[PDB]
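S.K.: Provided herewith is a single structure, encoded as structure tokens, for subsequent inquiry.
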Amino acid sequence: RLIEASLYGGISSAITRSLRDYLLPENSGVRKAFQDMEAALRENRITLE
Amino acid sequence: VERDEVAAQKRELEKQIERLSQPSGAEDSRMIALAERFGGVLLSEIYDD
Amino acid sequence: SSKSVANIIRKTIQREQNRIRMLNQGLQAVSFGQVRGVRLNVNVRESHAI
């Protein structure tokens with residue numbers, strides 16, 4: 001998308017729609033703590049099912 | 001006996017994984033609160049990048 | 001729990017805002033016809049701010 005938008009020129013519609021998806025990096029720190037803390041419950045629930 | 005020994009290895013592996021989890025993997029049990037209770041920042045977090 | 005999560009979220013938001021602000025300065029005073037500057041405007045949604 002980046003390359004071809006540059007090739008034809010103009011304000012790309014697709015880039016404009018998903019602006020946050022392109023310009024912001026995804027951060028794992030906020031998440032993995034809670035995945036590990038959540039683990040004991042997840043396993044228990046799956047076992048019960 | 002084989003079951004229990006493998007269980008011991010699995011417990012060690014989870015504990016090792018858990019130490020590397022969050023927020024910037026460290027002795028997180030108390031260190032996060034200790035980091036904010038003074039006007040400071042965790043060194044390992046400064047060297048995250 | 002609680003406050004510490006809020007602080008990490010706030011610091012992440014602050015760092016992203018600052019980096020964007022740095023990128024933003026390189027684009028000042030670019031002349032394209034009648035356009036004279038470009039910016040990436042970053043804001044925080046209310047429903048999440050509260």
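Chain labels follow the order of the structure tokens: the first chain is A, the next B, and so on; residue numbering restarts at 1 in every chain, and ligands are counted from 1 in their shown order.
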Taking only C-alpha atoms into account, which residues of chain A are within 10 Å of chain B, as a PyMOL selection string?
M.R.: chain A and resi 28-37
S.K.: Based on the selection just made, write N, CA, C and O atoms of those residues as a PDB file, in the first residue's frame.
M.R.:
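Saved the output as part.pdb:
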ATOM      1  N   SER A  28       3.833  -4.181  23.796  1.00  0.00           N
ATOM      2  CA  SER A  28       3.486  -5.407  24.507  1.00  0.00           C
ATOM      3  C   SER A  28       3.506  -5.251  26.023  1.00  0.00           C
ATOM      4  O   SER A  28       2.824  -6.012  26.716  1.00  0.00           O
ATOM      5  N   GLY A  29       4.259  -4.283  26.549  1.00  0.00           N
ATOM      6  CA  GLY A  29       4.451  -4.213  27.990  1.00  0.00           C
ATOM      7  C   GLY A  29       3.141  -4.174  28.751  1.00  0.00           C
ATOM      8  O   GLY A  29       2.984  -4.825  29.785  1.00  0.00           O
ATOM      9  N   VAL A  30       2.182  -3.399  28.246  1.00  0.00           N
ATOM     10  CA  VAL A  30       0.905  -3.216  28.929  1.00  0.00           C
ATOM     11  C   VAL A  30       0.132  -4.529  29.065  1.00  0.00           C
ATOM     12  O   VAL A  30      -0.779  -4.632  29.896  1.00  0.00           O
ATOM     13  N   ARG A  31       0.459  -5.539  28.256  1.00  0.00           N
ATOM     14  CA  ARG A  31      -0.383  -6.728  28.093  1.00  0.00           C
ATOM     15  C   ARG A  31       0.127  -7.982  28.798  1.00  0.00           C
ATOM     16  O   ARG A  31      -0.650  -8.712  29.433  1.00  0.00           O
ATOM     17  N   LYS A  32       1.409  -8.298  28.628  1.00  0.00           N
ATOM     18  CA  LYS A  32       1.866  -9.648  28.933  1.00  0.00           C
ATOM     19  C   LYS A  32       1.815  -9.921  30.430  1.00  0.00           C
ATOM     20  O   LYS A  32       1.603 -11.064  30.856  1.00  0.00           O
ATOM     21  N   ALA A  33       2.004  -8.882  31.243  1.00  0.00           N
ATOM     22  CA  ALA A  33       1.783  -9.020  32.674  1.00  0.00           C
ATOM     23  C   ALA A  33       0.441  -9.667  32.940  1.00  0.00           C
ATOM     24  O   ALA A  33       0.331 -10.621  33.719  1.00  0.00           O
ATOM     25  N   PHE A  34      -0.590  -9.157  32.284  1.00  0.00           N
ATOM     26  CA  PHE A  34      -1.946  -9.561  32.594  1.00  0.00           C
ATOM     27  C   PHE A  34      -2.283 -10.888  31.934  1.00  0.00           C
ATOM     28  O   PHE A  34      -3.125 -11.639  32.437  1.00  0.00           O
ATOM     29  N   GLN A  35      -1.644 -11.198  30.804  1.00  0.00           N
ATOM     30  CA  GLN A  35      -1.776 -12.560  30.286  1.00  0.00           C
ATOM     31  C   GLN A  35      -1.193 -13.583  31.252  1.00  0.00           C
ATOM     32  O   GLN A  35      -1.794 -14.642  31.470  1.00  0.00           O
ATOM     33  N   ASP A  36      -0.034 -13.300  31.846  1.00  0.00           N
ATOM     34  CA  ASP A  36       0.517 -14.261  32.800  1.00  0.00           C
ATOM     35  C   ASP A  36      -0.323 -14.333  34.068  1.00  0.00           C
ATOM     36  O   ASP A  36      -0.585 -15.426  34.582  1.00  0.00           O
ATOM     37  N   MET A  37      -0.755 -13.185  34.593  1.00  0.00           N
ATOM     38  CA  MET A  37      -1.570 -13.212  35.801  1.00  0.00           C
ATOM     39  C   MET A  37      -2.891 -13.926  35.537  1.00  0.00           C
ATOM     40  O   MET A  37      -3.421 -14.623  36.407  1.00  0.00           O
TER      41      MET A  37
END
S.K.: For chain B against chain C, which residues fall within 10 Å using only C-alpha atoms, given as JSON, numbers by chain?
M.R.: {"B": [23, 32, 33, 35, 36]}
S.K.: Distance limit 10 Å, atoms considered: only C-alpha atoms. Which chain A residues sit that close to chain C? Return them as number ranges by chain.
M.R.: A: 19-20, 23-25, 27, 29-30
S.K.: Store the residues picked out above, limited to N, CA, C and O atoms, as an mmCIF file, in the first residue's frame.
M.R.:
data_model
loop_
_atom_site.group_PDB
_atom_site.id
_atom_site.type_symbol
_atom_site.label_atom_id
_atom_site.label_comp_id
_atom_site.auth_asym_id
_atom_site.auth_seq_id
_atom_site.Cartn_x
_atom_site.Cartn_y
_atom_site.Cartn_z
ATOM 1 N N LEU A 19 -5.131 5.420 9.838
ATOM 2 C CA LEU A 19 -3.961 6.212 10.200
ATOM 3 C C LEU A 19 -3.257 5.696 11.453
ATOM 4 O O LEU A 19 -2.022 5.588 11.471
ATOM 5 N N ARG A 20 -4.017 5.373 12.504
ATOM 6 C CA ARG A 20 -3.379 4.875 13.722
ATOM 7 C C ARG A 20 -2.684 3.543 13.483
ATOM 8 O O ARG A 20 -1.651 3.269 14.099
ATOM 9 N N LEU A 23 0.784 4.679 11.797
ATOM 10 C CA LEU A 23 1.750 5.556 12.454
ATOM 11 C C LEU A 23 2.122 5.164 13.881
ATOM 12 O O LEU A 23 3.083 5.729 14.411
ATOM 13 N N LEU A 24 1.420 4.234 14.523
ATOM 14 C CA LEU A 24 1.725 3.950 15.921
ATOM 15 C C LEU A 24 2.240 2.532 16.099
ATOM 16 O O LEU A 24 1.605 1.583 15.618
ATOM 17 N N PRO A 25 3.373 2.345 16.775
ATOM 18 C CA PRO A 25 3.831 0.988 17.081
ATOM 19 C C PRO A 25 2.997 0.360 18.184
ATOM 20 O O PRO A 25 2.454 1.047 19.053
ATOM 21 N N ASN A 27 2.597 -1.874 21.517
ATOM 22 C CA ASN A 27 3.400 -2.047 22.721
ATOM 23 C C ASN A 27 2.912 -3.271 23.485
ATOM 24 O O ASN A 27 1.717 -3.386 23.781
ATOM 25 N N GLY A 29 4.259 -4.283 26.549
ATOM 26 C CA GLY A 29 4.451 -4.213 27.990
ATOM 27 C C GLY A 29 3.141 -4.174 28.751
ATOM 28 O O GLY A 29 2.984 -4.825 29.785
ATOM 29 N N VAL A 30 2.182 -3.399 28.246
ATOM 30 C CA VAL A 30 0.905 -3.216 28.929
ATOM 31 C C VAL A 30 0.132 -4.529 29.065
ATOM 32 O O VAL A 30 -0.779 -4.632 29.896
#
S.K.: Taking the chain letters and numbering used in this document, name the residues of chain C that DSSP puts in helix (DSSP H, G or I), as JSON, numbers by chain.
M.R.: {"C": [3, 4, 5, 6, 7, 8, 9, 10, 11, 12, 13, 14, 15, 16, 17, 18, 19, 20, 21, 22, 23, 24, 25, 46, 47, 48, 49]}
S.K.: Name the residues in contact with residue 26 in chain C at a cut-off of 12 Å, using only C-alpha atoms, excluding same-chain residues fewer than 3 positions from it; report them as a count of residues only.
M.R.: 11
